[PDB]
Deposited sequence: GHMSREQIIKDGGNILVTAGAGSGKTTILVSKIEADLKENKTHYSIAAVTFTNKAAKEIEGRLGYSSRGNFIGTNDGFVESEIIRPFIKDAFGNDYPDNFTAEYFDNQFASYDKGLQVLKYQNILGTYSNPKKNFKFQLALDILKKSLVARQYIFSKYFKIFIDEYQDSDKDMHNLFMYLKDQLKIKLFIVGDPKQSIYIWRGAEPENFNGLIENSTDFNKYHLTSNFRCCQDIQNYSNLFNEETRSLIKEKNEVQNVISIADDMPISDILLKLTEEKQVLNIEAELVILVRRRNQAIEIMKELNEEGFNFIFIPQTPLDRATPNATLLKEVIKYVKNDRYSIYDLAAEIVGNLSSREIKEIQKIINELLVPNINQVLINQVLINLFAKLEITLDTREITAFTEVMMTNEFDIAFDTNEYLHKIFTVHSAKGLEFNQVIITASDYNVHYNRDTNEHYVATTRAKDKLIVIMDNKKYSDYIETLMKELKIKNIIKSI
């Protein structure tokens, strides 16, 4: 359930955040603050965006809230508090050597073993050795929010448990059952812990109740999740009794169930449908653009970073810092510039497959990340043509057409789909239909042009004694 989580004041495990922080901050009456910690600055910024508390990365939290302010009190004055964090060089094999590098080179470095986390070991050691540190953290925070917990390493887990068990801080933990990852942390809590309430959320939780309800109707497994409303507002059915341009005018100006001034996305199955639709719409005063599928639209491990590199290469106004926000950790501008220097070699005149291959190797080597050869192939293909450029564009486009595939993992405010694109009555297009119906946050329109689809909906409604699932206009 959703509102149950909101009512829940204690330690929480969620299997798959901004929602709970907003609520908890509202009803907080005390002086205590919250902290939200992510793996990436991208994830942090996204939270800080929708909101005296701490919102930042794991590494920024332990460095700024624990290590820097209290290392001298814990270890003595000969330890620095103006050290530099370095992710790339100055790796080491033991805690004592890490202490040496910090003490003598003024560098907060990393273990060479990715399963060990020097910063978090250091932070825990400092808490255990400094009353002042414990008193600060104790009186500062009442709750900490932690993202992607399945990727947390053993030392992160040790610190968070200590915060919970010694400094009386509640934990709100989100994850999904990364080189540092110890999945047993999160799994262990799920299977064994007695001091957490535990919830499971489906992928469409983000959506408004009407959109959750509709999308949950179609799979036998999610039907039980449906919480019927007396009336439906945000999922709408419209007849295909007029051209798409008239349909759009009816939705926006006549019935005003769509806002033409907000983001509006039409989902199709194929490029040729998008062309058809654009050929009409843009001749009738609209201005839609089709965002093509690209070779990087595969579920590959490094898809996100690879798309960022392409964005940077092809758009001279795109900032290297936005690329860097997607990299795990809290890299200094100095290190980001070392990454920039590597990537900039893709900008030489007459770039070719050989050079590109070399850049990719240099980059992912530096990031200590394994690269699939088929990723190199897909990346190189995008580099060597302008065919897919619009998909990596920096411009903001309000009115867009996507295939359901290109739309995967994206979120829009308003979405139009066409029933005849999904033959779910014959158990076809069922994953695509779930994806398509859950892209929208606030408004979903179904062009109802498929008799078997609509009959199928009515059949399920009768079976479930549902009276309202979609608003017909």
In deposited-sequence numbering, the unmodelled segments run 1-3, 20-28, 64-68, 195-200
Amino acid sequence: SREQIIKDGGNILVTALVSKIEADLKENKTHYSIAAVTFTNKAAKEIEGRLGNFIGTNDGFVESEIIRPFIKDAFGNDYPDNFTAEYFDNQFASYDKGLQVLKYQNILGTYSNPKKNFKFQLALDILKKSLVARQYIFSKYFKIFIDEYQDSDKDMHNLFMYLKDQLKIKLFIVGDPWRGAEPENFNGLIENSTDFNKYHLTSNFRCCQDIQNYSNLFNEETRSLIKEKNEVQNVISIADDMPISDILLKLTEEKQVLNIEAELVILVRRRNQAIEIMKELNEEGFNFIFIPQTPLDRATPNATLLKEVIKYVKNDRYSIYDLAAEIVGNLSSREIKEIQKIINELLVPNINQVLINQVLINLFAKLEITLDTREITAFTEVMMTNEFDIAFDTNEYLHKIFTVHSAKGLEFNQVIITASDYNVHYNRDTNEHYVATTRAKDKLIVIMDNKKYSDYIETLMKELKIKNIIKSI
From here on, numbers count along this sequence of modelled residues.
If you take the mean CA temperature factor per stretch, which one wins between 319-327 and 242-250?
242-250
Mean C-alpha B factor from the entry: is it higher for 120-128 or for 199-207?
199-207
By the entry's C-alpha temperature factors, tell me which of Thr430, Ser64, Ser420, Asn413 sits highest.
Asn413
Could you say which of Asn234, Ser152, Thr304, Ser193 has its CA atom at the highest B factor, as listed in the PDB entry?
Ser193
Here the Cα B-factor of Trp178, set against its chain, lands in the third termed highest
Binned into thirds over the chain's modelled residues, the C-alpha B-factor of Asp59 lands in the lowest
Of the three thirds of its chain by CA temperature factor, lowest, middle or highest, which one includes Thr222?
highest
Quick tally, chain-level thirds of C-alpha B-factors: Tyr32 sits in the highest
If you rank every modelled residue in this chain by C-alpha B factor, which third holds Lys103: lowest, middle or highest?
highest
